[PDB]
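*Asks:* 3D, please:
(one chain, ligands or ions: 1)
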Amino acid sequence: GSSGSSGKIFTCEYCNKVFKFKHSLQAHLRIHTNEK
Ligand SMILES: [Zn+2]
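*Replies:* Numbering: from 1, shown residues only. Shown next is the structure:
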């Protein structure tokens with residue numbers, strides 16, 4: 001079909017940051033979470 005028919009991007013509702021893959025974001029949320 002197309003090289004990028006659907007270019008879904010993961011956005012962070014914490015710092016309004018976008019990523020390439022899901023994990024990329026999930027891992028980032030680490031710095032967002034508190035009470036480590
Ligand atoms: Zn964030």
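*Asks:* Checking my notes, residue 23 in a helix, right?
*Replies:* Yes: counting by DSSP: H, G, I helix; E, B strand; the rest coil, residue 23 is part of a helix.
*Asks:* State the distance from it to residue 4.
*Replies:* As judged by Cβ to Cβ, to the nearest Å, residue 23 and residue 4 stand 19 Å apart. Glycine gets a C-beta too; all of them are placed from N, C-alpha and C.
*Asks:* For these two, indicate the residue with more neighbours.
*Replies:* Neighbour totals were compared for residue 23 and residue 4, and residue 23 leads with 10 against 7 (other Cβ atoms under 10 Å).
*Asks:* For that one, list the residues it contacts.
*Replies:* Neighbour list for residue 23: empty [criterion: Cβ atoms under 8 Å, 6 or more residues apart in numbering].
*Asks:* what's the burial count for residue 9?
*Replies:* A count of nearby residues for residue 9, using other Cβ under 10 Å, gives 9.
*Asks:* For residue 24, grab the count of nearby residues.
*Replies:* Count around residue 24 with other Cβ under 10 Å applied: 13.
*Asks:* Skip the chain neighbours and tell me the closest residue to it.
*Replies:* Once flanking residues are discounted, residue 24 sits nearest to residue 10: 6.8 Å by Cβ to Cβ, 6 or more residues apart in numbering.
*Asks:* Identify the bridge partners of the one you found.
*Replies:* Under the criterion DSSP bridges, residue 10 forms beta bridges with residue 19.
*Asks:* Provide a list of residues in contact with it.
*Replies:* 18-22, 24-25.
*Asks:* Highest neighbour count among those residues?
*Replies:* With neighbours taken as other Cβ under 10 Å, the top of those is residue 25, carrying 18 neighbours.
*Asks:* and that one, what does it touch?
*Replies:* 10-12, 17, 19.
*Asks:* Over to residue 9?
*Replies:* The contact partners of residue 9, by Cβ under 8 Å, 6+ apart, come to 18-20.
*Asks:* rerun at 6 Å
*Replies:* Residue 9 is in contact with residue 18, counting by Cβ atoms under 6 Å, 6 or more residues apart in numbering.
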